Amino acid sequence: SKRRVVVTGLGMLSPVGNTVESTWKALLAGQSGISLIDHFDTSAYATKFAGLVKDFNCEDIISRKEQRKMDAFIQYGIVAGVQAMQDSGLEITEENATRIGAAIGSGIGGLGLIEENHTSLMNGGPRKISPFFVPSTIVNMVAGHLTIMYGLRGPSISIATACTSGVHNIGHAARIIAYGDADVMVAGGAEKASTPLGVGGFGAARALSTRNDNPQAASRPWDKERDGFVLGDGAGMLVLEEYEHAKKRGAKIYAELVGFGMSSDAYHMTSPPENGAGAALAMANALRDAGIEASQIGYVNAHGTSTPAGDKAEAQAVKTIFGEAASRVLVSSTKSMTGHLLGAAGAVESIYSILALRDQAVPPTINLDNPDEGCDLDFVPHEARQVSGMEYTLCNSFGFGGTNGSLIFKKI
């Protein structure tokens, strides 16, 4: 009598749209949300562009008084979390409140208000630090505010595993529901790292693309001309619900979450990933957790950060898991349009994987003009691909030098 976990609510902010549907429609059109940064001076920065949330307006959800106590990434998470709750139509009562929690994380956190508070410190001493510094920056405050404004008393965790946070938070929200500690969980991630310390940080590690002259073509996964990943802001939120609890209250049902896999690479990051044995181990554990064969997977929302080493390692992991049906399964990196949302990347890409089950369509990998000579795989390049019979999707968040996570979704 092991309980099944199902998805009943969606919410999202992304560089190509401020709702789930506008974002999804923008991706199917191959539209890029990457643009030049203008909220700080990028003169001395090697990367001057990122995937920004445009025309963000949370004034009707978060008052200006509370916005000052929130870093941008928390504001993104609350708005996306409110959208998911409103979409689920869930009615929180005094009786079911202790059965509803959250699992929302971030890879970086409140980098913008950390910079501001430390600037206040270096100029005026500790008396200039805001009393809201800590609650406005730590990664668990998205779950914090959401459990408060909806009256959630259930289990709430916050997984910060860098760019695996989104997949890890959703996967363990499902584990918490399967274990019986909760019937409903709001799970996802949120990121706003397009700051001087964020762009400078990854730029210091030489991991960022430098194609300032053409920001929309900089993110080119599996293309011979890639030169690093592109930062992206946003948030993704899902309302995860037990299957009987959902059908009983008459709930909208997007797809069933049937598999969750985890693994560690056990090499640093500068070491050559080569075979992607960690990535393949994560996908393998998720297939066994669901009890299906890799040949039943129709679409794979890849990690695909447009990194020279990372993309080649993920391609070898896909070849290892799929093998014979590798050249037939559809793989795609939505980061070609949105950029890398880091701790939220797994969250937004889980929704893309669910929507591919609903609309029977696959978003493309734009800017893939000429792939590696080492690959045959169908990366669904340039334009989206209509599909039929698609029943299982696979969402991957990899580290190529760290933690790995994989989620499998099933239709109906």
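A residue's number is simply how far along the shown sequence it sits, counting from 1.
- Judged by mean Cα B factor in the deposited record, 325-333 ranks above the other of 325-333 and 149-157.
- Averaged over their C-alpha atoms, the temperature factors of 292-300 and 336-344 are higher for 292-300.
- Across the options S106, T164, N96, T305, the residue with the most elevated CA B-factor in the record is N96.
- Take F202, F132, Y76, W222 and read off each C-alpha B-factor from the entry; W222 has the highest.
- Annotation for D311: C-alpha temperature factor in the middle third relative to the rest of the modelled chain, per the entry.
- Among the modelled residues of the chain, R358 sits in the highest third by CA temperature factor in this PDB entry.
- In the deposited entry, the Cα temperature factor of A193 sits in the bottom third of values across the chain's modelled residues.
- Sort the modelled residues of the chain by CA B factor and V318 lands in the highest third.
- Annotation for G399: CA B-factor lies in the middle third of the chain's modelled residues.
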